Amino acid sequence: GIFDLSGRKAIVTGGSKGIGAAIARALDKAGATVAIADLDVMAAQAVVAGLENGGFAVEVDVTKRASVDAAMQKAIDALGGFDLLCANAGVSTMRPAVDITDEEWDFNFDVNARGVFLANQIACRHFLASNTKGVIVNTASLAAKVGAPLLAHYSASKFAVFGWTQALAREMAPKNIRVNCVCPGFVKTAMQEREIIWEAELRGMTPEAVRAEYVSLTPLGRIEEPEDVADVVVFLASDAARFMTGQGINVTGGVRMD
């Protein structure tokens, strides 16, 4: 029925692990055929090896236009079509705002904001040229809704993703192309493992005291899983969401309400 993705062809950037790998598995379960584009091709291959409908693994660096152009064309050729882009790749570093370096400012913006711009822009050109009712889902963040201390540069780059998402949605809507983002909470991935260590170091706490504090900040009372985000991305990709565009959907267990 209306949540079904049978026959559709999807690309997921940053799909080798964490949230992106969960997105790839959820799209596949819902009936899609999935290409994963990532820095880490061998992990991408291992995810694909477990998919029902097959799929494809390609190397990409989302910071570079020429890499995104080539990886997307390669994926599209392999898939035999293109209906859906999940632009999920992202990074962070943690620093007091007064100490943020230009190198880490650029690192955060070029993956998180420019990475989404390039994948989205190139996807829309392909949708328009094939006359496809394409769909996009971007992975933003809680930090796209509320600026986070020690992550002031990461917050700025995730606000940028959400603004991009809204403006692109307005331009794409008369073409019947939808564009939304999800804003996850405290998701237990390798990113969380890093950030609890960084926060613990900066605050003079233990890493597990820091992870306990995340849970205590979450009304639903548990740490978030990649799968909590992935099932929402499937909804946003599907015809159940046909009258929804330019949204930043919170998946945070009650931390943020919009």
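The numbering used is simple: start at 1 and walk along the sequence shown.
Visitor: Between 127 to 135 and 166 to 174, which has the higher average C-alpha B-factor in the PDB entry?
Guide: It is 127 to 135 that shows the higher mean C-alpha B-factor.
Visitor: Averaging CA B factors per stretch from the PDB record, which one is higher: 243 to 251 or 5 to 13?
Guide: Stretch with the higher mean C-alpha B-factor: 5 to 13.
Visitor: Can you tell me which of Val41, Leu220, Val62, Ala230 has the maximum CA B-factor listed in the PDB entry?
Guide: That would be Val41.
Visitor: Report the third (lowest, middle or highest) to which the CA temperature factor of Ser155 belongs, ranking only the modelled residues of the same chain.
Guide: Lowest third.
Visitor: Using the temperature factors of the C-alpha atoms in this entry, rank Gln73 within its chain: lowest, middle or highest third.
Guide: According to the entry, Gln73 has a C-alpha B-factor in the chain's highest third.
Visitor: Rank-wise, by C-alpha B-factor, drop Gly90 into the lowest, middle or highest third of its chain.
Guide: Bottom third by C-alpha B-factor.
Visitor: Against its chain's modelled residues, does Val187's Cα B factor rank lowest, middle or highest third?
Guide: It falls in the middle third of the chain.
Visitor: Relative to the other modelled residues of the same chain, rank the CA B-factor of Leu79 and answer lowest, middle or highest third.
Guide: Highest third, going by the recorded CA B-factors of the chain.
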